[PDB]
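Pasted below: final_12.pdb, PDB, C-alpha atoms and all ligand atoms.
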```
ATOM      1  CA  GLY A   1       3.096   8.716 -44.274  1.00  0.00           C
ATOM      2  CA  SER A   2       2.664   9.819 -40.667  1.00  0.00           C
ATOM      3  CA  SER A   3      -0.082  11.772 -38.903  1.00  0.00           C
ATOM      4  CA  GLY A   4      -1.141  12.491 -35.334  1.00  0.00           C
ATOM      5  CA  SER A   5      -4.452  12.344 -33.483  1.00  0.00           C
ATOM      6  CA  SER A   6      -6.134  13.641 -30.327  1.00  0.00           C
ATOM      7  CA  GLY A   7      -7.266  11.751 -27.242  1.00  0.00           C
ATOM      8  CA  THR A   8     -10.548  11.242 -25.402  1.00  0.00           C
ATOM      9  CA  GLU A   9     -11.816  10.173 -21.979  1.00  0.00           C
ATOM     10  CA  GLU A  10     -13.360   6.847 -20.969  1.00  0.00           C
ATOM     11  CA  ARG A  11     -10.284   5.075 -22.336  1.00  0.00           C
ATOM     12  CA  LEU A  12      -8.597   3.912 -19.130  1.00  0.00           C
ATOM     13  CA  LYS A  13      -6.920   0.658 -20.167  1.00  0.00           C
ATOM     14  CA  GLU A  14      -3.641   0.734 -18.240  1.00  0.00           C
ATOM     15  CA  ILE A  15      -5.062   2.503 -15.188  1.00  0.00           C
ATOM     16  CA  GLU A  16      -7.617  -0.256 -14.618  1.00  0.00           C
ATOM     17  CA  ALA A  17      -4.805  -2.817 -14.576  1.00  0.00           C
ATOM     18  CA  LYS A  18      -3.246  -0.923 -11.669  1.00  0.00           C
ATOM     19  CA  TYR A  19      -6.363  -1.098  -9.496  1.00  0.00           C
ATOM     20  CA  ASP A  20      -6.807  -4.794 -10.276  1.00  0.00           C
ATOM     21  CA  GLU A  21      -3.387  -5.385  -8.718  1.00  0.00           C
ATOM     22  CA  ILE A  22      -4.763  -3.872  -5.511  1.00  0.00           C
ATOM     23  CA  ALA A  23      -7.854  -6.086  -5.549  1.00  0.00           C
ATOM     24  CA  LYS A  24      -6.048  -9.206  -6.761  1.00  0.00           C
ATOM     25  CA  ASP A  25      -7.054 -11.154  -3.653  1.00  0.00           C
ATOM     26  CA  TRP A  26     -10.231  -9.174  -2.985  1.00  0.00           C
ATOM     27  CA  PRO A  27     -13.250 -11.426  -3.665  1.00  0.00           C
ATOM     28  CA  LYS A  28     -15.909 -10.543  -6.238  1.00  0.00           C
ATOM     29  CA  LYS A  29     -18.773 -11.230  -3.830  1.00  0.00           C
ATOM     30  CA  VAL A  30     -18.581 -10.328  -0.138  1.00  0.00           C
ATOM     31  CA  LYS A  31     -20.987 -11.268   2.653  1.00  0.00           C
ATOM     32  CA  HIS A  32     -21.387  -8.164   4.816  1.00  0.00           C
ATOM     33  CA  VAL A  33     -23.202  -8.219   8.158  1.00  0.00           C
ATOM     34  CA  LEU A  34     -25.457  -5.194   7.685  1.00  0.00           C
ATOM     35  CA  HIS A  35     -26.433  -6.580   4.279  1.00  0.00           C
ATOM     36  CA  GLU A  36     -26.052 -10.263   5.158  1.00  0.00           C
ATOM     37  CA  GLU A  37     -29.268 -10.729   3.181  1.00  0.00           C
ATOM     38  CA  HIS A  38     -27.113 -10.774   0.047  1.00  0.00           C
ATOM     39  CA  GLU A  39     -23.425 -10.691  -0.883  1.00  0.00           C
ATOM     40  CA  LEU A  40     -22.319  -7.351  -2.329  1.00  0.00           C
ATOM     41  CA  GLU A  41     -20.419  -7.259  -5.623  1.00  0.00           C
ATOM     42  CA  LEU A  42     -17.170  -5.283  -5.729  1.00  0.00           C
ATOM     43  CA  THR A  43     -18.197  -2.554  -8.171  1.00  0.00           C
ATOM     44  CA  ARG A  44     -15.845   0.091  -9.562  1.00  0.00           C
ATOM     45  CA  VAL A  45     -16.766   3.500  -8.147  1.00  0.00           C
ATOM     46  CA  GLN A  46     -14.974   6.853  -8.225  1.00  0.00           C
ATOM     47  CA  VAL A  47     -16.379   8.056  -4.902  1.00  0.00           C
ATOM     48  CA  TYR A  48     -19.074   6.983  -2.443  1.00  0.00           C
ATOM     49  CA  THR A  49     -20.126   6.928   1.212  1.00  0.00           C
ATOM     50  CA  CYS A  50     -19.616   3.731   3.207  1.00  0.00           C
ATOM     51  CA  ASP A  51     -22.696   2.952   5.300  1.00  0.00           C
ATOM     52  CA  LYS A  52     -20.606   1.021   7.824  1.00  0.00           C
ATOM     53  CA  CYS A  53     -17.690   3.091   9.119  1.00  0.00           C
ATOM     54  CA  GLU A  54     -19.054   6.357   7.722  1.00  0.00           C
ATOM     55  CA  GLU A  55     -16.193   6.850   5.263  1.00  0.00           C
ATOM     56  CA  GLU A  56     -15.634   7.364   1.536  1.00  0.00           C
ATOM     57  CA  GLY A  57     -13.990   4.822  -0.746  1.00  0.00           C
ATOM     58  CA  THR A  58     -12.407   5.211  -4.175  1.00  0.00           C
ATOM     59  CA  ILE A  59     -11.872   3.047  -7.255  1.00  0.00           C
ATOM     60  CA  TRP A  60     -13.535   0.334  -5.172  1.00  0.00           C
ATOM     61  CA  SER A  61     -16.923  -0.202  -3.528  1.00  0.00           C
ATOM     62  CA  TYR A  62     -19.021  -3.289  -2.798  1.00  0.00           C
ATOM     63  CA  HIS A  63     -22.292  -2.523  -4.583  1.00  0.00           C
ATOM     64  CA  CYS A  64     -25.368  -4.756  -4.752  1.00  0.00           C
ATOM     65  CA  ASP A  65     -27.507  -4.923  -7.893  1.00  0.00           C
ATOM     66  CA  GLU A  66     -30.449  -5.851  -5.668  1.00  0.00           C
ATOM     67  CA  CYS A  67     -30.606  -3.248  -2.897  1.00  0.00           C
ATOM     68  CA  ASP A  68     -27.875  -0.834  -3.988  1.00  0.00           C
ATOM     69  CA  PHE A  69     -25.699  -1.286  -0.900  1.00  0.00           C
ATOM     70  CA  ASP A  70     -22.223   0.247  -1.083  1.00  0.00           C
ATOM     71  CA  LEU A  71     -19.321  -0.655   1.207  1.00  0.00           C
ATOM     72  CA  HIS A  72     -15.531  -0.545   1.517  1.00  0.00           C
ATOM     73  CA  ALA A  73     -13.169  -3.205   0.173  1.00  0.00           C
ATOM     74  CA  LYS A  74     -11.676  -3.721   3.634  1.00  0.00           C
ATOM     75  CA  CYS A  75     -14.926  -3.204   5.544  1.00  0.00           C
ATOM     76  CA  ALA A  76     -16.581  -5.982   3.540  1.00  0.00           C
ATOM     77  CA  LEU A  77     -13.583  -8.305   3.821  1.00  0.00           C
ATOM     78  CA  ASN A  78     -13.480  -8.009   7.612  1.00  0.00           C
ATOM     79  CA  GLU A  79     -16.386  -8.839   9.921  1.00  0.00           C
ATOM     80  CA  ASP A  80     -15.892  -7.404  13.408  1.00  0.00           C
ATOM     81  CA  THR A  81     -13.011  -4.924  13.547  1.00  0.00           C
ATOM     82  CA  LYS A  82     -14.595  -2.000  15.392  1.00  0.00           C
ATOM     83  CA  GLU A  83     -13.813  -2.716  19.046  1.00  0.00           C
ATOM     84  CA  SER A  84     -13.632  -6.430  19.851  1.00  0.00           C
ATOM     85  CA  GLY A  85     -12.539  -9.400  17.761  1.00  0.00           C
ATOM     86  CA  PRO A  86     -12.569 -13.207  17.455  1.00  0.00           C
ATOM     87  CA  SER A  87     -12.292 -14.684  20.950  1.00  0.00           C
ATOM     88  CA  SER A  88     -13.503 -17.894  22.592  1.00  0.00           C
ATOM     89  CA  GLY A  89     -14.239 -17.926  26.312  1.00  0.00           C
TER      90      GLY A  89
HETATM   91 ZN    ZN B 101     -16.172   1.506   5.471  1.00  0.00          ZN
HETATM   92 ZN    ZN B 102     -28.622  -6.790  -1.682  1.00  0.00          ZN
END
```
Would you write out, as structure tokens, the structure that this file holds?
Amino acid sequence: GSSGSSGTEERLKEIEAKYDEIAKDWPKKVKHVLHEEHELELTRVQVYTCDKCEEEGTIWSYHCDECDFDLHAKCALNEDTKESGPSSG
């Protein structure tokens, strides 16, 4: 025979794969400066508020299961990219 069925939420299988491709190089644990104490853990988040650059990330946010610190994928990756950079002298 042949019959049809309906669909439900919380079943994002393909979608997830997409994001992963974006964070293929992105590390699982980052060592931020403001939270140097511990290394955040890239946690999947729909929306949040970065406590570094004062922005809002999506489908990506460095969360810590110890202090609950959220950050941006890029913000965490980089160290000092606000005004100055790596220079010797
Ligand atoms: Zn940020
Ligand atoms: Zn922490």
Any chance you could tabulate, as a tab-separated table, the residues of chain A at most 7 Å from ligand ZN 101 (chain B) with each one's nearest atom pair and distance in Å to one decimal, using all atoms listed in the file, in chain and rising number order?
```
residue	atom	partner	partner_atom	distance
A:50	CA	B:ZN101	ZN	4.7
A:51	CA	B:ZN101	ZN	6.7
A:52	CA	B:ZN101	ZN	5.0
A:53	CA	B:ZN101	ZN	4.3
A:54	CA	B:ZN101	ZN	6.1
A:55	CA	B:ZN101	ZN	5.3
A:71	CA	B:ZN101	ZN	5.7
A:72	CA	B:ZN101	ZN	4.5
A:75	CA	B:ZN101	ZN	4.9
```
Return as lines of an AutoDock Vina configuration file the centre and edge lengths, in Å with one decimal, of the box along x, y and z that encloses every atom of segment 69-78 of chain A in the file, padded by 8 Å per side.
```
center_x = -18.7
center_y = -4.0
center_z = 3.3
size_x = 30.0
size_y = 24.6
size_z = 24.7
```
- Considering all atoms listed in the file, return as an MDAnalysis selection string whatever protein or nucleic-acid residues lie within 8 Å of segment 24-37 of chain A, sequence-local ones (same chain, fewer than 6 positions apart) excluded. chainID A and resid 52 62 69 73 76:77 79
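Residues in contact with ligand ZN 102 (chain B) comprise residues 38, 64, 66 and 67 of chain A, where contact means an atom-to-atom distance of at most 6 Å counting only C-alpha atoms and all ligand atoms.
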- What is the atom CA of residue 57 of chain A-atom CA of residue 85 of chain A distance in Å, reported with one decimal? 23.4 Å
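This file, filtered with the PyMOL selection byres (((chain A and resi 42) around 7) and not hetatm), gives the residues residues 28, 29, 40, 41, 43, 44, 60, 61, 62 and 63 of chain A.
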- Expressed in Å, the length from atom CA of residue 80 of chain A to atom CA of residue 23 of chain A is 20.6 Å
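Atom CA of residue 3 of chain A sits 28.1 Å away from atom CA of residue 16 of chain A.
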